[PDB]
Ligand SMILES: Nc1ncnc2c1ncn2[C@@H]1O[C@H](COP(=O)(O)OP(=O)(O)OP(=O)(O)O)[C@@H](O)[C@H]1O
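Next comes just one chain, in structure tokens: the form solved without the named molecule.
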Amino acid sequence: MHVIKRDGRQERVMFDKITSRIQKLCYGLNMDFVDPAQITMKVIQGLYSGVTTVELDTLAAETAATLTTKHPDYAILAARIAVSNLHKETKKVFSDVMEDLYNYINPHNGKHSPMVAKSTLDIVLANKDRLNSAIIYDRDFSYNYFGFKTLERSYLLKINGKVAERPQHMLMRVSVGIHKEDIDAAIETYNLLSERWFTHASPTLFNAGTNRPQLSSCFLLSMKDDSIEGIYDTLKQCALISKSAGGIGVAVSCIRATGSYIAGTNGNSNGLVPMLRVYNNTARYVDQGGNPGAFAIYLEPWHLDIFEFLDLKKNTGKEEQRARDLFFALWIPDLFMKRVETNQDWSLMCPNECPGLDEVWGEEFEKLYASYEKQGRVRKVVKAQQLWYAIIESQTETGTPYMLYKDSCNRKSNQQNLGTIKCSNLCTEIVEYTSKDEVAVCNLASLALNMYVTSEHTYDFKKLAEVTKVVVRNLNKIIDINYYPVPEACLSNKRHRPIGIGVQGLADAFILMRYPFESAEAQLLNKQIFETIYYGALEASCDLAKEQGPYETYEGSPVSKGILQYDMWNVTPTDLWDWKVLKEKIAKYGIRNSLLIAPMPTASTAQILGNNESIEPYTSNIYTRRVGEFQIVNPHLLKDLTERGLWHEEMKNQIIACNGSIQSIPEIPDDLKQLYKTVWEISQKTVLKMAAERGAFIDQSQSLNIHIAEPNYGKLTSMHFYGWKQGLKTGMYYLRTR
């Protein structure tokens, strides 16, 4: 048997040499369980002569990754093999690749189509030496297989279907893309990114240092006014945003209900459903071409078209009464929740008959709403619980609508001084003001929370604060570099300068510290982590305000009155940080950014870093990743089981037989059982309480999924009302069942 080497030369297939190559990539790996010869063994099995070394390497990487279920270090080794191959197939110098990317000519068009911006190239070429040698290519080997494959599919710029960028090249591109002539700052960011302390959001990773850079790609809009002109002006906006691959949250409550009089045409309105069909089909059409844009529609439950809204996503239906490509969210007043639990009547209104209900929150809302009721300006009254049942029925069928508490959102916004906030975003973590003149933008990054635990099971709070400060500075530079799809978005970001720093690997950080998710230790660590993030962020924002002045609309805001997020929740922080000293710095200089913290879903970027998503418990101890499908065991648990000598073939079988649970396996000690409880075994009320406790230090909101195995009306009711009573801004993102 012969391999065809890269140089096209024929080489004898040899067990020792293949094993040998794998061996050289095993530095720092657990050799008690990782065996190079194990891979060589399975590779040589199904192997025919005529295979190339690139094919051989691919096979060996794919084989190493099926052995992840024997030890997690195998997944790292698989990436090490893949990257080894990628290095052999790539140019070594950064500035070289940047030239190749810029000089790109489309083959079937003949047109010069630079893949990076000229001004980025220029900065790179002016600083070749420092930039090229700052790069540490050994950092490419820090990923696991599934992280690498995510990067490889979407994130490494390709020349004619062939990957041209090493992970390190991409990271330096982003860094120069953010910092331009500030080479000191670029290298600081490159080091932080490549050592995996944090990551910028996908939009930034994709387009930093490219032409017309789309660095932020989540947006929020309010319907202009209640007219064909307003509706179609907003539609154009959403189309234009969606063309730039922007996700959107849209507030729709100002639009007349079905049957409402139209004084102009002497006819009656079709209401929300037919209009939302236009938006649905706009989402399908403007999907960047060939592949659907994502719009989350926000509706307040006093609106007369609420029941039909609650149906638009049902898979069983009537097509013309369906909009299954949109996402649905409720923007809920406290009054509704209070009428539900007291079993009172709820009045359904048309916003044209009852104007300004969306422009008003809390006591002002309850007062305006109560007088409309007293004046008999109501279209239909139902028992409030009837609407409640429709809500929970919808969630049991579809997992939605999302649950947002309008008064919580507004009562505890530092953007309070701008007017009433009418909605959240696609992912329910952003609470930012919108108006006719203003489309809000989400500028996002996440901290990797697992990275701040030390070899001694202590949490490095100082490091976390220091990294956060860099993140604030980076996102603040992104606000000015960003190419905006509509000018209302630019206006909004330049005026209030919000940002959204989030997290990943919360579950990993608990496990690394040896804390069960529900323990006193994890609940206190949870507060501490988020105090820290809020503290460092305010401090960076304050520093930028000293250097550049506060944001335009700073005067009048709660923070300008010395009110921080936890003051709004009536929470007293722990003694970890001196908040009195921070307040005194803020009183001096103000802050650069109206909002700072917003834990988003980290679907794609958490996979790249190899962390569990967001603030979420591991949903299972055994799960699959699609690339073929690959079986993955929780890497923390697998190490524990192998270190103890407990792991075997049937042991994996029994955990799959238990739906990824380890609770009923008698050979596992109880301390391990409590460490590795699945989300399905963890109290959702506890999840809700932990979110509220970290919530006091999050000036935006958090994308909170809820997991109820076998839901009924009683389960869904008690969890929603618990979340509400905790003070949560987002009571639920998705509902997950099984």
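Between two forms, the rigid core is the largest collection of C-alphas that superpose within 1.5 Å. Counting begins at 1, following the sequence as shown.
Absent from the display: the form deposited with the named molecule bound. The rest refers to it.
Trainee: I need the one stretch from 666-674, 52-60, 696-704, 28-36 whose residues put non-hydrogen atoms within 4.5 angstroms of the named molecule in the deposited bound form.
Mentor: Of the options given, it is 52-60.
Trainee: Residue 88: heavy atom within 4.5 Å of the named molecule in the deposited bound form?
Mentor: Contact check for residue 88: yes, within 4.5 Å of the named molecule in the deposited bound form.
Trainee: Would residue 18 show up as a contact with the named molecule in the deposited bound form if we use heavy atoms at 4.5 Å?
Mentor: Residue 18 belongs to the contact set for the named molecule.
Trainee: Even though the named molecule is not shown here, does residue 725 get within 4.5 Å of it in the deposited bound form, heavy atoms only?
Mentor: Taking the distances in the deposited bound form, the answer for residue 725 is no, it never comes within 4.5 Å of the named molecule.
Trainee: So, residue 732 and the named molecule: in the deposited bound form, are they within 4.5 Å at any heavy atom pair?
Mentor: Heavy-atom contact with the named molecule at 4.5 Å: absent for residue 732.
Trainee: Does anything in 137-165 come within 4.5 Å of the named molecule in the deposited bound form by heavy atoms, and if so which residues, in order?
Mentor: Going through 137-165 in order - heavy atoms within 4.5 Å of the named molecule in the deposited bound form - there are no hits.
Trainee: Please determine whether the C-alpha atom of residue 716 is displaced by 2 Å or more between this form and the one not shown following superposition on the rigid core.
Mentor: No, residue 716 moves less than 2 Å.
Trainee: After the core is matched up, is the C-alpha of residue 12 off by 2 Å or more between this form and the one not shown?
Mentor: For residue 12, whose C-alpha is compared between this form and the one not shown after core superposition, the shift is 2 Å or more.
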